[PDB]
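See below for the structure under consideration.
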Amino acid sequence: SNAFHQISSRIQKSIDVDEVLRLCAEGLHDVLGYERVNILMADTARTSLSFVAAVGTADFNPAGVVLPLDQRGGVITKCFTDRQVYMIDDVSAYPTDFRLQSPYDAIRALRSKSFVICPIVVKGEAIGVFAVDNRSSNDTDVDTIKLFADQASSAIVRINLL
Amino acid sequence: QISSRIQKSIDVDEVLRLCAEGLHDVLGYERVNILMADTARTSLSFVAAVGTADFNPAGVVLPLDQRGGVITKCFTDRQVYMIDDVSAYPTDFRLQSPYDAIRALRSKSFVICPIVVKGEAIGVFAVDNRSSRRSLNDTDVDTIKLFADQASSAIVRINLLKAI
């Protein structure tokens with residue numbers, strides 16, 4: 001009802017990218033009910049990731065969290081590189097290059113064993129990711145998240161034009 | 001009528017052929033390629049190829065290493081790779097020899113979808129509509145995943161059945 005439209009209206013009106021991304025994550029948490037919604041954005045040189053939203057994780061302020069965008073990123077780095085969506089059941093059942101290494105693995109927001117990574121793609125390049133999980137608990141979930149990443153992406157192009 | 005016919009078979013390759021038939025003949029996907037890992041899981045044998053003229057996949061066996069580019073990555077990571085144009089992806093996505101000697105595998109645009117049994121890939125669907133300019137999308141991926149799911153269920157049924 002009322003909830004999805006307010007979220008939608010406030011993104012279209014937004015003129016700050018970090019705010020659009022925070023609203024995307026709030027949308028997905030409050031309106032669609034996913035427990036944890038993280039958004040990570042690459043820096044211009046594409047060698048670091050900063051956290052912009054970590055909805056559903058408490059006692060965590062991401063400010064000044066930079067994460068190396070290399071092999072220590074595990075499946076998150078693979079997403080930036082290949083722009084695929086990863087649906088992970090139990091990340092230990094996967095190749096060695098999936099596991100988040102340190103510093104990623106000392107961050108409660110990132111410590112789930114099952115989850116979805118969805119790239120935010122502008123100009124043929126993943127410029128960030130949504131990482132979503134239900135720690136306390138499919139393709140229609142993916143598609144729904146992709147929608148929000150699509151909207152994030154269009155809002156980034158649009159805000160940047162302004 | 002092919003969910004019914006899969007059901008009736010106790011020959012894995014036949015079930016794979018019928019899956020590829022259904023996707024192609026009924027749903028209109030132009031090229032449907034199905035490859036199964038050998039027992040050591042270091043090669044793929046080419047089991048079904050629908051839509052590629054003048055080609056019988058029997059006897060074709062391909063290395064599961066880097067030469068298989070994104071097919072090997074699909075198999076290793078158990079991830080759907082939806083590749084709208086291969087030239088927009090890193091170099092290690094491209095097929096190398098011997099994979100690139102096969103017409104059935106030469107699309108520049110495709111989806112590769114793992115066939116997964118109990119958390120392990122045992123083969124792949126590689127699907128393309130290369131003569132159409134329309135890119136495959138998320139609903140095409142749902143449809144291909146559905147047939148991979150049927151192949152995987154039926155492989156399990158057949159294996160549980162023939163186990164001595």
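Just so we're on the same page: first chain in the structure tokens is A, next is B, and so on; residues restart at 1 for each chain, and ligands are numbered from 1 in the order they show up.
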Can you tell me, as a ChimeraX atom specification, what residues are no more than 10 Å from residue 144 of chain B when counting only C-alpha atoms, ignoring any on the same chain fewer than 5 positions away?
/B:19-20,23,29,32,80,111-114,125-127,138-139,149-150
How would the residues just chosen look if you wrote them out with N, CA and C atoms as a compact mmCIF listing (two decimals), in the first residue's frame?
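Wrote it out as result-v9.txt, contents follow:
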# COMPACT_ATOMS: atom_id res chain seq x y z
N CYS B 19 14.85 -32.94 -22.90
CA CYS B 19 14.92 -31.59 -22.38
C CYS B 19 15.29 -30.56 -23.46
N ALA B 20 16.24 -30.90 -24.31
CA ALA B 20 16.75 -29.97 -25.28
C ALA B 20 15.67 -29.82 -26.39
N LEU B 23 12.86 -27.47 -25.01
CA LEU B 23 13.26 -26.07 -24.95
C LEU B 23 13.24 -25.49 -26.35
N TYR B 29 13.58 -21.73 -28.14
CA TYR B 29 15.06 -21.39 -28.05
C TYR B 29 15.77 -22.01 -29.20
N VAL B 32 20.26 -25.22 -28.12
CA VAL B 32 20.20 -25.77 -26.79
C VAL B 32 21.24 -26.87 -26.76
N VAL B 80 24.46 -19.45 -12.80
CA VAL B 80 23.94 -19.01 -14.11
C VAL B 80 24.79 -17.84 -14.57
N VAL B 111 23.26 -17.82 -22.47
CA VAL B 111 23.16 -18.22 -21.04
C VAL B 111 23.71 -19.61 -20.82
N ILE B 112 24.54 -19.74 -19.79
CA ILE B 112 25.01 -21.08 -19.31
C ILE B 112 24.43 -21.28 -17.91
N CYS B 113 23.84 -22.45 -17.72
CA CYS B 113 23.09 -22.75 -16.52
C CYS B 113 23.57 -24.13 -16.01
N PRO B 114 23.98 -24.23 -14.75
CA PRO B 114 24.58 -25.49 -14.26
C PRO B 114 23.46 -26.50 -14.02
N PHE B 125 23.55 -26.60 -19.17
CA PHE B 125 22.81 -26.16 -20.37
C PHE B 125 23.49 -24.91 -20.88
N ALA B 126 23.82 -24.87 -22.17
CA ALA B 126 24.30 -23.62 -22.80
C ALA B 126 23.24 -23.30 -23.86
N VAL B 127 22.62 -22.12 -23.78
CA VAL B 127 21.46 -21.79 -24.60
C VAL B 127 21.69 -20.41 -25.28
N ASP B 138 15.85 -12.44 -17.74
CA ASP B 138 15.59 -13.16 -16.49
C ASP B 138 14.48 -14.15 -16.66
N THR B 139 13.49 -13.88 -17.50
CA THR B 139 12.45 -14.92 -17.66
C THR B 139 12.97 -16.07 -18.53
N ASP B 149 16.56 -28.10 -13.68
CA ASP B 149 15.87 -28.76 -12.54
C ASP B 149 15.20 -30.09 -12.84
N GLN B 150 14.40 -30.15 -13.90
CA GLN B 150 13.92 -31.44 -14.44
C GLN B 150 15.01 -32.45 -14.85
Which residues of chain A sit at most 12 Å from chain B, using only C-alpha atoms? Give each one's shortest atom pair and distance in Å (one decimal place), in chain and ascending residue order, as JSON lines.
{"residue": "A:75", "atom": "CA", "partner": "B:77", "partner_atom": "CA", "distance": 10.0}
{"residue": "A:78", "atom": "CA", "partner": "B:77", "partner_atom": "CA", "distance": 10.6}
{"residue": "A:79", "atom": "CA", "partner": "B:81", "partner_atom": "CA", "distance": 11.3}
{"residue": "A:80", "atom": "CA", "partner": "B:89", "partner_atom": "CA", "distance": 11.3}
{"residue": "A:81", "atom": "CA", "partner": "B:90", "partner_atom": "CA", "distance": 7.9}
{"residue": "A:82", "atom": "CA", "partner": "B:89", "partner_atom": "CA", "distance": 6.8}
{"residue": "A:83", "atom": "CA", "partner": "B:89", "partner_atom": "CA", "distance": 8.7}
{"residue": "A:84", "atom": "CA", "partner": "B:81", "partner_atom": "CA", "distance": 6.5}
{"residue": "A:85", "atom": "CA", "partner": "B:80", "partner_atom": "CA", "distance": 8.1}
{"residue": "A:86", "atom": "CA", "partner": "B:79", "partner_atom": "CA", "distance": 6.7}
{"residue": "A:87", "atom": "CA", "partner": "B:79", "partner_atom": "CA", "distance": 7.7}
{"residue": "A:88", "atom": "CA", "partner": "B:79", "partner_atom": "CA", "distance": 9.1}
{"residue": "A:89", "atom": "CA", "partner": "B:119", "partner_atom": "CA", "distance": 9.1}
{"residue": "A:90", "atom": "CA", "partner": "B:119", "partner_atom": "CA", "distance": 9.6}
{"residue": "A:91", "atom": "CA", "partner": "B:77", "partner_atom": "CA", "distance": 10.5}
{"residue": "A:92", "atom": "CA", "partner": "B:119", "partner_atom": "CA", "distance": 11.1}
{"residue": "A:93", "atom": "CA", "partner": "B:119", "partner_atom": "CA", "distance": 7.4}
{"residue": "A:94", "atom": "CA", "partner": "B:77", "partner_atom": "CA", "distance": 6.6}
{"residue": "A:95", "atom": "CA", "partner": "B:77", "partner_atom": "CA", "distance": 6.6}
{"residue": "A:96", "atom": "CA", "partner": "B:77", "partner_atom": "CA", "distance": 10.0}
{"residue": "A:97", "atom": "CA", "partner": "B:77", "partner_atom": "CA", "distance": 9.4}
{"residue": "A:98", "atom": "CA", "partner": "B:77", "partner_atom": "CA", "distance": 8.6}
{"residue": "A:116", "atom": "CA", "partner": "B:79", "partner_atom": "CA", "distance": 11.7}
{"residue": "A:117", "atom": "CA", "partner": "B:79", "partner_atom": "CA", "distance": 11.8}
{"residue": "A:123", "atom": "CA", "partner": "B:88", "partner_atom": "CA", "distance": 11.0}
{"residue": "A:124", "atom": "CA", "partner": "B:88", "partner_atom": "CA", "distance": 7.7}
{"residue": "A:125", "atom": "CA", "partner": "B:88", "partner_atom": "CA", "distance": 9.4}
{"residue": "A:126", "atom": "CA", "partner": "B:89", "partner_atom": "CA", "distance": 11.5}
{"residue": "A:138", "atom": "CA", "partner": "B:142", "partner_atom": "CA", "distance": 10.3}
{"residue": "A:139", "atom": "CA", "partner": "B:142", "partner_atom": "CA", "distance": 7.3}
{"residue": "A:140", "atom": "CA", "partner": "B:142", "partner_atom": "CA", "distance": 9.3}
{"residue": "A:141", "atom": "CA", "partner": "B:138", "partner_atom": "CA", "distance": 11.9}
{"residue": "A:142", "atom": "CA", "partner": "B:138", "partner_atom": "CA", "distance": 9.6}
{"residue": "A:143", "atom": "CA", "partner": "B:138", "partner_atom": "CA", "distance": 7.6}
{"residue": "A:144", "atom": "CA", "partner": "B:138", "partner_atom": "CA", "distance": 11.2}
{"residue": "A:146", "atom": "CA", "partner": "B:138", "partner_atom": "CA", "distance": 10.0}
{"residue": "A:147", "atom": "CA", "partner": "B:138", "partner_atom": "CA", "distance": 11.4}
Keeping only C-alpha atoms, write the selected residues as a short mmCIF file (atom, residue, chain, number, x, y, z; two decimals), in the first residue's frame.
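Contents of selection.cif, as written:
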data_model
loop_
_atom_site.label_atom_id
_atom_site.label_comp_id
_atom_site.auth_asym_id
_atom_site.auth_seq_id
_atom_site.Cartn_x
_atom_site.Cartn_y
_atom_site.Cartn_z
CA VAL A 75 32.20 -13.59 -4.07
CA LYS A 78 33.65 -11.74 -8.41
CA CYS A 79 30.36 -9.73 -8.79
CA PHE A 80 32.20 -6.46 -9.52
CA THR A 81 34.33 -8.24 -12.05
CA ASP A 82 31.66 -10.27 -13.88
CA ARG A 83 28.37 -8.49 -13.26
CA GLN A 84 26.51 -11.67 -12.46
CA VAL A 85 23.99 -12.19 -9.72
CA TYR A 86 25.23 -14.77 -7.09
CA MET A 87 22.71 -16.76 -5.09
CA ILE A 88 24.71 -18.53 -2.33
CA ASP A 89 23.17 -21.32 -0.11
CA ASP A 90 26.22 -22.06 2.11
CA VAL A 91 29.37 -20.27 0.95
CA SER A 92 31.61 -23.08 2.35
CA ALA A 93 30.11 -25.44 -0.28
CA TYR A 94 31.65 -23.25 -3.00
CA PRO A 95 35.10 -22.76 -4.54
CA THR A 96 37.81 -21.25 -2.38
CA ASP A 97 37.53 -17.97 -4.15
CA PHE A 98 33.94 -17.36 -2.84
CA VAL A 116 22.39 -12.79 -2.81
CA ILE A 117 24.92 -10.43 -4.43
CA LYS A 123 27.62 2.11 -18.38
CA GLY A 124 28.42 -1.62 -18.60
CA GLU A 125 30.39 -1.61 -15.30
CA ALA A 126 29.30 -2.81 -11.81
CA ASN A 138 14.88 -17.89 -4.98
CA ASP A 139 14.64 -16.31 -8.51
CA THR A 140 11.69 -14.05 -7.67
CA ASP A 141 13.64 -12.66 -4.73
CA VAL A 142 16.58 -12.00 -7.04
CA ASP A 143 14.37 -10.21 -9.62
CA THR A 144 12.91 -8.00 -6.97
CA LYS A 146 17.46 -6.41 -9.36
CA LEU A 147 14.57 -4.02 -9.73
#
Using DSSP assignments from the backbone, pull out every residue in segment 66-143 of chain A that falls under strand (DSSP E or B) and give it to me as a PyMOL selection string.
chain A and resi 66-68+86-88+115-122+125-133
Grab the residues selected above and save them as an mmCIF file, in the first residue's frame with C-alpha atoms.
data_model
loop_
_atom_site.group_PDB
_atom_site.id
_atom_site.type_symbol
_atom_site.label_atom_id
_atom_site.label_comp_id
_atom_site.auth_asym_id
_atom_site.auth_seq_id
_atom_site.Cartn_x
_atom_site.Cartn_y
_atom_site.Cartn_z
ATOM 1 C CA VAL A 66 37.026 0.898 3.234
ATOM 2 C CA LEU A 67 37.364 -2.664 1.983
ATOM 3 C CA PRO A 68 40.052 -3.706 -0.443
ATOM 4 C CA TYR A 86 25.226 -14.765 -7.094
ATOM 5 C CA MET A 87 22.708 -16.762 -5.091
ATOM 6 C CA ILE A 88 24.710 -18.527 -2.329
ATOM 7 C CA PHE A 115 22.837 -14.602 0.508
ATOM 8 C CA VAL A 116 22.385 -12.792 -2.808
ATOM 9 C CA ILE A 117 24.923 -10.435 -4.429
ATOM 10 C CA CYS A 118 23.433 -8.236 -7.190
ATOM 11 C CA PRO A 119 25.630 -5.750 -9.120
ATOM 12 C CA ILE A 120 24.525 -2.102 -9.619
ATOM 13 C CA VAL A 121 25.471 -1.529 -13.189
ATOM 14 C CA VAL A 122 26.022 1.791 -14.943
ATOM 15 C CA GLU A 125 30.389 -1.615 -15.297
ATOM 16 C CA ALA A 126 29.296 -2.812 -11.810
ATOM 17 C CA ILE A 127 29.826 0.279 -9.694
ATOM 18 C CA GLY A 128 28.426 -1.322 -6.568
ATOM 19 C CA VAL A 129 26.466 -4.294 -5.225
ATOM 20 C CA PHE A 130 23.466 -5.116 -3.093
ATOM 21 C CA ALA A 131 24.279 -7.927 -0.702
ATOM 22 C CA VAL A 132 21.024 -9.281 0.805
ATOM 23 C CA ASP A 133 20.395 -12.179 3.358
#
Residues near residue 154 of chain A, anyone? I mean within 12 Å using only C-alpha atoms, not counting same-chain ones fewer than 3 positions away, as an MDAnalysis selection string.
chainID A and resid 11:12 14 17 20:21 120:123 147:151 157:161
Write the residues of the selection above to a file with N, CA, C and O atoms, as a short mmCIF file (atom, residue, chain, number, x, y, z; two decimals), in the first residue's frame.
data_model
loop_
_atom_site.label_atom_id
_atom_site.label_comp_id
_atom_site.auth_asym_id
_atom_site.auth_seq_id
_atom_site.Cartn_x
_atom_site.Cartn_y
_atom_site.Cartn_z
N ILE A 11 12.80 8.42 -3.70
CA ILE A 11 13.97 8.13 -4.56
C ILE A 11 13.99 8.99 -5.83
O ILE A 11 15.01 9.57 -6.16
N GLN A 12 12.85 9.07 -6.52
CA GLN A 12 12.72 9.90 -7.72
C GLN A 12 12.99 11.40 -7.46
O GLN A 12 13.49 12.12 -8.32
N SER A 14 14.90 12.39 -4.82
CA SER A 14 16.22 12.54 -4.20
C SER A 14 17.20 13.15 -5.19
O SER A 14 17.10 12.90 -6.40
N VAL A 17 22.97 10.75 -3.99
CA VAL A 17 23.15 9.31 -4.32
C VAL A 17 23.10 8.40 -3.08
O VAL A 17 22.33 7.42 -3.09
N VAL A 20 19.59 8.11 -2.04
CA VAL A 20 18.89 7.15 -2.86
C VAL A 20 19.17 5.68 -2.47
O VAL A 20 18.27 4.89 -2.42
N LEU A 21 20.43 5.34 -2.26
CA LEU A 21 20.88 3.98 -1.93
C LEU A 21 20.32 3.60 -0.55
O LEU A 21 19.73 2.52 -0.40
N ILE A 120 25.25 -3.31 -9.24
CA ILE A 120 24.52 -2.10 -9.62
C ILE A 120 25.37 -1.68 -10.78
O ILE A 120 26.57 -1.45 -10.63
N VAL A 121 24.75 -1.63 -11.95
CA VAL A 121 25.47 -1.53 -13.19
C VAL A 121 25.11 -0.20 -13.87
O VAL A 121 23.95 0.10 -14.10
N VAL A 122 26.14 0.56 -14.18
CA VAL A 122 26.02 1.79 -14.94
C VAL A 122 27.09 1.71 -15.99
O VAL A 122 28.24 1.39 -15.65
N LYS A 123 26.70 2.00 -17.25
CA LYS A 123 27.62 2.11 -18.38
C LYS A 123 28.38 0.82 -18.57
O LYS A 123 29.59 0.85 -18.84
N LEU A 147 15.38 -5.19 -9.62
CA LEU A 147 14.57 -4.02 -9.73
C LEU A 147 15.16 -2.88 -8.95
O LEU A 147 15.44 -1.85 -9.56
N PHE A 148 15.36 -3.02 -7.62
CA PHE A 148 15.92 -1.90 -6.84
C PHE A 148 17.31 -1.48 -7.27
O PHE A 148 17.65 -0.29 -7.20
N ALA A 149 18.12 -2.43 -7.72
CA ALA A 149 19.43 -2.07 -8.20
C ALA A 149 19.28 -1.27 -9.49
O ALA A 149 20.09 -0.42 -9.76
N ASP A 150 18.25 -1.61 -10.29
CA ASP A 150 17.99 -0.91 -11.57
C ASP A 150 17.65 0.54 -11.30
O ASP A 150 18.23 1.43 -11.93
N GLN A 151 16.73 0.76 -10.36
CA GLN A 151 16.31 2.07 -9.88
C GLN A 151 17.45 2.83 -9.27
O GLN A 151 17.57 4.05 -9.51
N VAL A 157 22.67 7.82 -12.48
CA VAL A 157 22.77 8.51 -13.75
C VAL A 157 22.06 9.90 -13.66
O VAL A 157 22.69 10.92 -13.87
N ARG A 158 20.79 9.90 -13.28
CA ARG A 158 19.98 11.12 -13.13
C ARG A 158 20.53 12.20 -12.17
O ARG A 158 20.49 13.40 -12.50
N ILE A 159 21.01 11.78 -10.98
CA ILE A 159 21.53 12.72 -9.96
C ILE A 159 22.79 13.30 -10.50
O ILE A 159 22.96 14.52 -10.43
N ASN A 160 23.64 12.44 -11.06
CA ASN A 160 24.87 12.87 -11.73
C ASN A 160 24.65 13.88 -12.86
O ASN A 160 25.35 14.88 -12.90
N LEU A 161 23.68 13.66 -13.74
CA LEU A 161 23.27 14.70 -14.70
C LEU A 161 22.92 16.06 -14.01
O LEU A 161 23.27 17.13 -14.53
#
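The spacing separating atom CA of residue 104 of chain B from atom CA of residue 86 of chain B amounts to 15.3 Å.
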DSSP helix (DSSP H, G or I) residues within segment 96-144 of chain A, listed as a VMD selection string
chain A and resid 104 to 106 108 to 110 139 to 144
Suppose we keep N, CA and C atoms; can you now write the selection as a compact mmCIF listing (two decimals), in the first residue's frame?
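Saved to again07.txt:
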# COMPACT_ATOMS: atom_id res chain seq x y z
N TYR A 104 36.87 -8.40 5.36
CA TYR A 104 35.44 -8.58 5.15
C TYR A 104 34.84 -9.52 6.17
N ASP A 105 35.63 -10.56 6.55
CA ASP A 105 35.02 -11.60 7.37
C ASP A 105 34.94 -11.24 8.85
N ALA A 106 35.49 -10.10 9.24
CA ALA A 106 35.35 -9.56 10.63
C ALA A 106 34.22 -8.53 10.71
N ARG A 108 30.17 -7.99 10.85
CA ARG A 108 28.96 -8.74 11.05
C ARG A 108 27.99 -8.62 9.87
N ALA A 109 27.85 -7.41 9.30
CA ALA A 109 26.93 -7.17 8.13
C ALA A 109 27.21 -8.15 6.96
N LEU A 110 28.48 -8.52 6.79
CA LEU A 110 28.93 -9.36 5.69
C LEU A 110 29.08 -10.84 6.04
N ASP A 139 14.55 -17.18 -7.32
CA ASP A 139 14.64 -16.31 -8.51
C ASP A 139 13.70 -15.11 -8.48
N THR A 140 12.55 -15.24 -7.82
CA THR A 140 11.69 -14.05 -7.67
C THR A 140 12.18 -13.06 -6.65
N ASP A 141 12.93 -13.54 -5.66
CA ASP A 141 13.64 -12.66 -4.73
C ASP A 141 14.78 -11.89 -5.45
N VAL A 142 15.52 -12.61 -6.28
CA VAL A 142 16.58 -12.00 -7.04
C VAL A 142 16.05 -10.81 -7.91
N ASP A 143 14.93 -11.08 -8.59
CA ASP A 143 14.37 -10.21 -9.62
C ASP A 143 13.88 -8.96 -8.98
N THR A 144 13.37 -9.11 -7.77
CA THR A 144 12.91 -8.00 -6.97
C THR A 144 14.06 -7.10 -6.50
